[PDB]
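Reviewing the structure listed below.
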There are 2 protein chains.
Amino acid sequence: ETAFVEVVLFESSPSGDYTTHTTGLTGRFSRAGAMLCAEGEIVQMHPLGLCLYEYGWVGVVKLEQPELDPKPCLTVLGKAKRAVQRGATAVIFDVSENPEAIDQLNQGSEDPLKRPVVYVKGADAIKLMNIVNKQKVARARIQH
Amino acid sequence: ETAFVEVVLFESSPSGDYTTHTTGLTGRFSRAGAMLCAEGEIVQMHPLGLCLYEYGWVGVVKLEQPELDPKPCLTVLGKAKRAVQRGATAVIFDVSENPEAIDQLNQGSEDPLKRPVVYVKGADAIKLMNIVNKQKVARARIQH
């Protein structure tokens with residue numbers, strides 16, 4: 001159930017060789033989805049944004065104040081299927097502001113997503129968001 | 001040591017939802033590299049081609065006749081580090097025409113690659129090459 005998440009920054013040279021910088025951090029696979037491998041360019045999405053990107057992105061979604069979106073178009077899990085329908089290979093939720101979403105995401109689900117749904121919080125959520133907020137271009141790799 | 005490889009074709013709709021088609025096939029992780037997760041757009045590369053692509057591609061390389069390239073610029077493994085230096089997250093070798101490369105690739109290597117090096121052959125190699133030869137655009141996901 002523990003997800004290892006690596007976030008990669010990269011730059012190429014005149015030589016055409018890449019320079020990379022990697023950050024590791026920890027989250028949990030939701031029972032909502034598959035406990036599998038995923039890797040792709042990060043696309044930061046507002047949660048309301050899930051009420052076009054090239055196939056295979058990893059959505060990063062910071063859940064809002066539950067009393068900021070008291071009447072949500074879809075449930076957290078529905079949002080994640082919506083993301084996958086639109087080409088996401090993985091969804092990471094930052095559930096810091098909305099910890100209650102954990103209970104909904106570790107409900108087992110008959111008919112669960114075929115792709116991973118990871119949640120982070122705490123320090124790991126901060127390190128993730130520090131990068132995705134800074135760099136326009138990053139790559140996430142999810143495992144374990 | 002067994003690698004599960006999925007090759008994904010995809011098409012989007014006017015709605016912005018993707019239609020996908022997936023093929024599974026089997027290979028082996030080389031000891032040359034890490035027995036880890038990898039996922040990315042496939043880039044078919046001629047082996048001589050490894051004597052610019054966006055970070056995170058999966059190289060697919062059909063090894064040539066050993067008596068076609070009797071004096072190779074680099075070893076099979078060197079070619080794979082070269083691929084990774086140029087942004088590959090994974091290398092798949094089709095070692096059908098050159099089975100001898102297996103012995104070189106299952107040498108343990110102090111200082112092994114940090115990314116996976118998979119080899120396929122037989123029927124699995126055929127299914128892989130059938131797709132990468134047909135579709136300009138595919139995505140590989142490697143695991144297990």
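Chain identifiers are assigned as A, B, and so on, following the order in which chains appear in the structure tokens; residues are numbered from 1 within each chain, and ligands are numbered from 1 in order of appearance.
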#### Entry: Residue list for chain B near chain A as a list in words, 9 Å, only C-alpha atoms
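Every residue of chain B that passes the 9 Å test is in residues 10, 11, 12, 16, 17, 18, 19, 20, 36, 37, 38, 39, 40, 41, 52, 53, 55, 56, 82, 84, 85, 86, 87, 139, 141, 142 and 143 of chain B.
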What would the file look like if the residues just selected were written as a tab-separated table (two decimals), in the first residue's frame with N, CA and C atoms?
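The file below, selection.tsv, is the result:
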chain	number	residue	atom	x	y	z
B	10	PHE	N	-3.53	5.00	-28.61
B	10	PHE	CA	-4.54	5.90	-28.14
B	10	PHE	C	-5.02	6.94	-29.18
B	11	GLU	N	-6.28	7.33	-29.02
B	11	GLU	CA	-6.93	8.30	-29.87
B	11	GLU	C	-7.91	9.10	-29.00
B	12	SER	N	-7.98	10.41	-29.19
B	12	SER	CA	-8.90	11.24	-28.42
B	12	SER	C	-10.11	11.53	-29.25
B	16	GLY	N	-12.60	15.10	-25.92
B	16	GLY	CA	-11.35	15.15	-25.14
B	16	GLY	C	-11.08	13.93	-24.24
B	17	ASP	N	-11.82	12.84	-24.45
B	17	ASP	CA	-11.64	11.56	-23.74
B	17	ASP	C	-10.85	10.66	-24.65
B	18	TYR	N	-9.94	9.89	-24.06
B	18	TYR	CA	-9.14	9.00	-24.87
B	18	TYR	C	-9.76	7.62	-25.04
B	19	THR	N	-9.59	7.10	-26.25
B	19	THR	CA	-9.81	5.71	-26.55
B	19	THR	C	-8.41	5.08	-26.62
B	20	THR	N	-8.24	3.97	-25.91
B	20	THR	CA	-6.95	3.26	-25.86
B	20	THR	C	-7.09	1.84	-26.36
B	36	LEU	N	12.91	-2.31	-12.10
B	36	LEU	CA	11.94	-1.29	-11.70
B	36	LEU	C	10.87	-1.00	-12.76
B	37	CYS	N	9.91	-0.16	-12.35
B	37	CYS	CA	8.86	0.44	-13.16
B	37	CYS	C	9.41	1.45	-14.16
B	38	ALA	N	8.84	1.42	-15.34
B	38	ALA	CA	9.10	2.47	-16.31
B	38	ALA	C	7.91	2.65	-17.22
B	39	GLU	N	7.68	3.89	-17.68
B	39	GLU	CA	6.58	4.14	-18.60
B	39	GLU	C	6.92	5.35	-19.45
B	40	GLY	N	6.64	5.26	-20.75
B	40	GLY	CA	6.91	6.45	-21.61
B	40	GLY	C	6.58	6.17	-23.04
B	41	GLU	N	6.59	7.24	-23.84
B	41	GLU	CA	6.39	7.11	-25.26
B	41	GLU	C	7.51	6.25	-25.84
B	52	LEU	N	17.44	14.54	-30.91
B	52	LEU	CA	16.99	14.79	-29.54
B	52	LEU	C	15.51	14.44	-29.32
B	53	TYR	N	15.23	13.79	-28.18
B	53	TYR	CA	13.90	13.34	-27.75
B	53	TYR	C	13.61	13.89	-26.34
B	55	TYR	N	12.64	14.09	-22.54
B	55	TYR	CA	13.02	13.22	-21.43
B	55	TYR	C	11.90	12.19	-21.19
B	56	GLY	N	12.28	10.92	-20.99
B	56	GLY	CA	11.39	9.90	-20.46
B	56	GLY	C	10.84	8.92	-21.47
B	82	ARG	N	23.90	4.85	-23.10
B	82	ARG	CA	23.87	5.95	-24.01
B	82	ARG	C	22.42	6.44	-24.18
B	84	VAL	N	19.91	6.02	-22.02
B	84	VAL	CA	19.54	6.68	-20.80
B	84	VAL	C	20.18	8.07	-20.62
B	85	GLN	N	21.45	8.22	-20.95
B	85	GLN	CA	22.06	9.56	-20.97
B	85	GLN	C	21.28	10.56	-21.83
B	86	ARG	N	20.63	10.06	-22.87
B	86	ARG	CA	19.81	10.85	-23.79
B	86	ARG	C	18.33	10.82	-23.42
B	87	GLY	N	18.01	10.61	-22.13
B	87	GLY	CA	16.63	10.74	-21.66
B	87	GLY	C	15.70	9.51	-21.65
B	139	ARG	N	2.78	3.94	-26.39
B	139	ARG	CA	3.32	4.13	-25.09
B	139	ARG	C	3.62	2.75	-24.42
B	141	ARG	N	4.71	0.60	-21.05
B	141	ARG	CA	4.69	0.55	-19.59
B	141	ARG	C	5.32	-0.79	-19.22
B	142	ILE	N	6.38	-0.74	-18.40
B	142	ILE	CA	7.21	-1.91	-18.02
B	142	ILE	C	7.11	-2.07	-16.50
B	143	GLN	N	7.02	-3.33	-16.05
B	143	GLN	CA	6.75	-3.75	-14.64
B	143	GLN	C	7.13	-5.22	-14.33
Superposed chain B (on chain A, all in-order C-alpha pairs) as a short mmCIF file (atom, residue, chain, number, x, y, z; two decimals) with C-alpha atoms, in the first residue's frame:
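As written to disk, part01.cif reads:
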data_model
loop_
_atom_site.label_atom_id
_atom_site.label_comp_id
_atom_site.auth_asym_id
_atom_site.auth_seq_id
_atom_site.Cartn_x
_atom_site.Cartn_y
_atom_site.Cartn_z
CA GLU B 1 0.00 0.00 0.00
CA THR B 2 2.84 2.52 0.29
CA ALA B 3 3.61 4.46 -2.86
CA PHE B 4 7.10 5.66 -3.65
CA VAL B 5 6.85 8.81 -5.74
CA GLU B 6 9.83 10.32 -7.55
CA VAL B 7 9.58 13.75 -9.14
CA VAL B 8 12.14 14.44 -11.89
CA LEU B 9 13.38 17.77 -13.17
CA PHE B 10 15.48 17.71 -16.36
CA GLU B 11 17.59 19.83 -18.70
CA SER B 12 19.44 18.84 -21.89
CA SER B 13 22.83 19.98 -23.06
CA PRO B 14 24.15 21.12 -26.37
CA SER B 15 25.43 17.51 -26.45
CA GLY B 16 21.81 16.17 -26.28
CA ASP B 17 22.44 14.42 -22.89
CA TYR B 18 20.05 15.11 -20.08
CA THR B 19 20.84 16.47 -16.67
CA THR B 20 18.20 15.33 -14.14
CA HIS B 21 17.30 16.14 -10.56
CA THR B 22 15.13 13.72 -8.59
CA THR B 23 13.05 14.02 -5.38
CA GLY B 24 11.56 11.01 -3.62
CA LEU B 25 8.56 11.17 -1.34
CA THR B 26 5.99 8.83 0.08
CA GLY B 27 2.25 8.37 -0.31
CA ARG B 28 -0.45 5.72 -0.22
CA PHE B 29 -2.23 3.83 -2.96
CA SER B 30 -5.93 4.17 -2.68
CA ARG B 31 -8.12 1.00 -2.89
CA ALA B 32 -10.17 3.03 -5.31
CA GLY B 33 -7.51 2.16 -7.96
CA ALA B 34 -4.73 -0.26 -9.00
CA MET B 35 -1.59 -0.69 -6.86
CA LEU B 36 0.57 -0.50 -10.03
CA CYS B 37 3.43 1.35 -11.77
CA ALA B 38 2.85 4.67 -13.43
CA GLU B 39 5.11 7.29 -14.98
CA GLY B 40 4.44 10.50 -16.92
CA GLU B 41 4.69 14.23 -17.21
CA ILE B 42 3.03 16.01 -14.28
CA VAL B 43 -0.11 18.07 -15.05
CA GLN B 44 -1.24 20.16 -12.14
CA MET B 45 -5.03 20.30 -12.20
CA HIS B 46 -7.42 22.36 -10.05
CA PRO B 47 -10.08 19.87 -8.59
CA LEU B 48 -12.84 22.02 -10.14
CA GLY B 49 -10.92 21.62 -13.35
CA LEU B 50 -12.23 17.99 -13.39
CA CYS B 51 -15.91 19.01 -13.61
CA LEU B 52 -6.65 18.56 -23.70
CA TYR B 53 -3.37 16.84 -22.65
CA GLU B 54 -1.32 14.19 -24.44
CA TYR B 55 -2.09 10.63 -23.29
CA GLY B 56 -0.19 9.42 -20.20
CA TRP B 57 0.07 12.41 -17.86
CA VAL B 58 0.17 12.20 -14.10
CA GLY B 59 -2.45 14.52 -12.54
CA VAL B 60 -1.48 16.35 -9.41
CA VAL B 61 -4.54 17.70 -7.58
CA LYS B 62 -4.50 19.66 -4.31
CA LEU B 63 -7.91 19.09 -2.70
CA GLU B 64 -9.58 22.32 -1.66
CA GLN B 65 -11.31 23.26 1.58
CA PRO B 66 -14.27 20.95 2.03
CA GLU B 67 -16.21 24.09 2.98
CA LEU B 68 -14.88 25.84 -0.11
CA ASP B 69 -16.47 23.22 -2.44
CA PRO B 70 -19.39 22.02 -0.30
CA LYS B 71 -21.38 20.92 -3.39
CA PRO B 72 -18.81 19.05 -5.61
CA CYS B 73 -19.71 18.10 -9.24
CA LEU B 74 -18.23 14.64 -8.65
CA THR B 75 -16.75 12.73 -5.77
CA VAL B 76 -12.95 12.61 -5.32
CA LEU B 77 -12.95 9.17 -6.91
CA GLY B 78 -15.21 10.30 -9.80
CA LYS B 79 -12.71 13.10 -10.47
CA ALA B 80 -9.97 10.56 -10.69
CA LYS B 81 -11.90 8.46 -13.31
CA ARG B 82 -12.56 11.66 -15.12
CA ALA B 83 -8.79 12.29 -15.13
CA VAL B 84 -8.10 8.86 -16.47
CA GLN B 85 -10.81 9.16 -19.15
CA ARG B 86 -8.84 12.25 -20.26
CA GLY B 87 -5.54 10.34 -20.58
CA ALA B 88 -4.09 10.30 -17.03
CA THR B 89 -1.92 7.28 -16.22
CA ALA B 90 -2.01 8.23 -12.51
CA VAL B 91 -3.66 10.67 -10.15
CA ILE B 92 -1.96 12.07 -7.06
CA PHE B 93 -4.17 13.86 -4.63
CA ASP B 94 -2.83 16.19 -2.00
CA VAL B 95 -5.39 15.64 0.69
CA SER B 96 -3.86 17.98 3.32
CA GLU B 97 -6.67 20.54 3.33
CA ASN B 98 -9.23 17.76 3.03
CA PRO B 99 -8.19 14.78 5.08
CA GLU B 100 -11.66 13.29 4.99
CA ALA B 101 -11.08 12.23 1.41
CA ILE B 102 -8.85 9.42 2.70
CA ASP B 103 -11.91 7.55 4.06
CA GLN B 104 -13.63 7.79 0.66
CA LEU B 105 -10.38 6.73 -1.16
CA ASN B 106 -9.70 3.66 0.99
CA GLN B 107 -13.17 2.36 0.47
CA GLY B 108 -12.73 -0.73 -1.62
CA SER B 109 -14.59 -0.30 -4.87
CA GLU B 110 -16.05 -3.06 -6.99
CA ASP B 111 -15.14 -1.73 -10.43
CA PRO B 112 -11.94 0.10 -9.20
CA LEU B 113 -9.69 2.21 -11.54
CA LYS B 114 -7.21 0.38 -13.68
CA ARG B 115 -4.60 3.10 -12.97
CA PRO B 116 -3.15 4.27 -9.63
CA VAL B 117 -4.72 6.82 -7.35
CA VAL B 118 -2.14 8.03 -4.84
CA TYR B 119 -2.71 10.34 -1.88
CA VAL B 120 -0.09 12.34 -0.10
CA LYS B 121 -0.22 14.67 2.91
CA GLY B 122 2.16 16.23 5.46
CA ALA B 123 5.80 16.79 4.58
CA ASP B 124 5.56 14.61 1.44
CA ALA B 125 2.71 16.78 0.06
CA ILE B 126 4.77 19.89 0.76
CA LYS B 127 7.81 18.54 -1.13
CA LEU B 128 5.67 17.46 -4.03
CA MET B 129 3.88 20.89 -4.23
CA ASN B 130 7.05 22.77 -3.80
CA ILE B 131 8.22 21.26 -7.08
CA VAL B 132 5.05 21.23 -9.12
CA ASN B 133 4.40 24.87 -8.11
CA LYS B 134 7.98 25.90 -9.06
CA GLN B 135 8.87 24.01 -12.29
CA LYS B 136 6.69 24.17 -15.34
CA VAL B 137 8.11 20.76 -16.39
CA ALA B 138 8.48 17.69 -14.26
CA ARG B 139 7.96 13.96 -14.45
CA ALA B 140 6.42 11.71 -11.84
CA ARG B 141 7.18 8.02 -11.43
CA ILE B 142 4.94 6.03 -9.01
CA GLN B 143 5.73 2.52 -7.58
CA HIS B 144 5.61 -0.12 -4.66
#
#### Entry: strand (DSSP E or B) per DSSP on the backbone: members of stretch 2-109 of chain A, as a ChimeraX atom specification
/A:2-12,18-29,33,38-44,57-62,88-94
Given the selection you just returned, output its residues as a file containing N, CA and C atoms, formatted as a tab-separated table (two decimals), in the first residue's frame.
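Contents of the output file selection_28.tsv:
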chain	number	residue	atom	x	y	z
A	2	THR	N	2.07	1.31	0.31
A	2	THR	CA	2.84	2.52	0.29
A	2	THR	C	3.32	2.78	-1.11
A	3	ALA	N	3.20	4.04	-1.55
A	3	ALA	CA	3.61	4.46	-2.86
A	3	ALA	C	4.92	5.22	-2.73
A	4	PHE	N	5.89	4.89	-3.58
A	4	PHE	CA	7.10	5.66	-3.65
A	4	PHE	C	6.90	6.54	-4.85
A	5	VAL	N	7.01	7.85	-4.66
A	5	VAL	CA	6.85	8.81	-5.74
A	5	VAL	C	8.15	9.56	-5.97
A	6	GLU	N	8.64	9.58	-7.22
A	6	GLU	CA	9.83	10.32	-7.55
A	6	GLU	C	9.40	11.40	-8.50
A	7	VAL	N	9.87	12.61	-8.27
A	7	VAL	CA	9.58	13.75	-9.14
A	7	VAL	C	10.89	14.16	-9.79
A	8	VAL	N	10.94	14.14	-11.13
A	8	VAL	CA	12.14	14.44	-11.89
A	8	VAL	C	12.08	15.77	-12.66
A	9	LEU	N	13.02	16.64	-12.33
A	9	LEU	CA	13.38	17.77	-13.17
A	9	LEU	C	14.51	17.38	-14.17
A	10	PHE	N	14.51	18.01	-15.35
A	10	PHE	CA	15.48	17.71	-16.36
A	10	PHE	C	15.82	18.88	-17.31
A	11	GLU	N	17.06	18.85	-17.78
A	11	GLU	CA	17.59	19.83	-18.70
A	11	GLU	C	18.56	19.13	-19.64
A	12	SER	N	18.53	19.46	-20.93
A	12	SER	CA	19.44	18.84	-21.89
A	12	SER	C	20.57	19.78	-22.17
A	18	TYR	N	20.84	14.46	-21.10
A	18	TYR	CA	20.05	15.11	-20.08
A	18	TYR	C	20.75	15.17	-18.73
A	19	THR	N	20.54	16.30	-18.06
A	19	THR	CA	20.84	16.47	-16.67
A	19	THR	C	19.48	16.38	-15.95
A	20	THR	N	19.43	15.54	-14.92
A	20	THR	CA	18.20	15.33	-14.14
A	20	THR	C	18.40	15.68	-12.69
A	21	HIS	N	17.30	16.00	-12.01
A	21	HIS	CA	17.30	16.14	-10.56
A	21	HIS	C	16.06	15.47	-10.01
A	22	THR	N	16.24	14.52	-9.10
A	22	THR	CA	15.13	13.72	-8.59
A	22	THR	C	14.82	13.94	-7.09
A	23	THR	N	13.53	13.97	-6.77
A	23	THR	CA	13.05	14.02	-5.38
A	23	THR	C	12.16	12.81	-5.14
A	24	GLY	N	12.37	12.16	-4.01
A	24	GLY	CA	11.56	11.01	-3.62
A	24	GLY	C	10.65	11.47	-2.51
A	25	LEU	N	9.49	10.84	-2.40
A	25	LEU	CA	8.56	11.17	-1.34
A	25	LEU	C	7.58	10.03	-1.26
A	26	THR	N	6.80	10.00	-0.21
A	26	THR	CA	5.99	8.83	0.08
A	26	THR	C	4.51	9.17	0.12
A	27	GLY	N	3.70	8.27	-0.42
A	27	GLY	CA	2.25	8.37	-0.31
A	27	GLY	C	1.62	7.01	-0.15
A	28	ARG	N	0.30	6.96	-0.30
A	28	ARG	CA	-0.45	5.72	-0.22
A	28	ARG	C	-1.28	5.48	-1.46
A	29	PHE	N	-1.26	4.25	-1.97
A	29	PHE	CA	-2.23	3.83	-2.96
A	29	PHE	C	-3.58	3.68	-2.31
A	33	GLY	N	-8.20	2.47	-6.69
A	33	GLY	CA	-7.51	2.16	-7.96
A	33	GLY	C	-6.44	1.08	-7.86
A	38	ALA	N	3.25	3.62	-12.51
A	38	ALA	CA	2.85	4.67	-13.43
A	38	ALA	C	3.98	5.68	-13.58
A	39	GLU	N	4.09	6.28	-14.77
A	39	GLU	CA	5.11	7.29	-14.98
A	39	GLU	C	4.64	8.25	-16.07
A	40	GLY	N	4.84	9.55	-15.86
A	40	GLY	CA	4.44	10.50	-16.92
A	40	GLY	C	4.70	11.91	-16.51
A	41	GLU	N	4.57	12.82	-17.48
A	41	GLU	CA	4.69	14.23	-17.21
A	41	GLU	C	3.60	14.64	-16.22
A	42	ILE	N	3.98	15.42	-15.22
A	42	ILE	CA	3.03	16.01	-14.28
A	42	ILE	C	2.14	17.08	-14.93
A	43	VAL	N	0.83	17.00	-14.69
A	43	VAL	CA	-0.11	18.07	-15.05
A	43	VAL	C	-0.83	18.40	-13.79
A	44	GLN	N	-0.50	19.55	-13.23
A	44	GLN	CA	-1.24	20.16	-12.14
A	44	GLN	C	-2.65	20.59	-12.58
A	57	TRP	N	-0.32	11.47	-18.92
A	57	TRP	CA	0.07	12.41	-17.86
A	57	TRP	C	-0.22	11.89	-16.44
A	58	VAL	N	0.47	12.45	-15.46
A	58	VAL	CA	0.17	12.20	-14.10
A	58	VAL	C	-0.46	13.45	-13.50
A	59	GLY	N	-1.76	13.40	-13.18
A	59	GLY	CA	-2.45	14.52	-12.54
A	59	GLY	C	-2.05	14.71	-11.11
A	60	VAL	N	-1.72	15.96	-10.79
A	60	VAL	CA	-1.48	16.35	-9.41
A	60	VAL	C	-2.57	17.32	-9.00
A	61	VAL	N	-3.37	16.92	-7.99
A	61	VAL	CA	-4.54	17.70	-7.58
A	61	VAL	C	-4.52	17.96	-6.08
A	62	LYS	N	-4.38	19.24	-5.72
A	62	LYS	CA	-4.50	19.66	-4.31
A	62	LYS	C	-5.96	19.86	-3.94
A	88	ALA	N	-4.97	10.40	-18.19
A	88	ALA	CA	-4.09	10.30	-17.03
A	88	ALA	C	-3.71	8.86	-16.81
A	89	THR	N	-2.41	8.61	-16.53
A	89	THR	CA	-1.92	7.28	-16.22
A	89	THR	C	-1.95	7.04	-14.66
A	90	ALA	N	-2.06	8.15	-13.94
A	90	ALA	CA	-2.01	8.23	-12.51
A	90	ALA	C	-2.64	9.55	-12.06
A	91	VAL	N	-3.21	9.49	-10.87
A	91	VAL	CA	-3.66	10.67	-10.15
A	91	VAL	C	-3.03	10.63	-8.75
A	92	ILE	N	-2.37	11.74	-8.43
A	92	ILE	CA	-1.96	12.07	-7.06
A	92	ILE	C	-2.84	13.19	-6.54
A	93	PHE	N	-3.46	12.88	-5.41
A	93	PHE	CA	-4.17	13.86	-4.63
A	93	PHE	C	-3.38	14.28	-3.42
A	94	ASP	N	-3.26	15.60	-3.28
A	94	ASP	CA	-2.83	16.19	-2.00
A	94	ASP	C	-4.07	16.47	-1.16
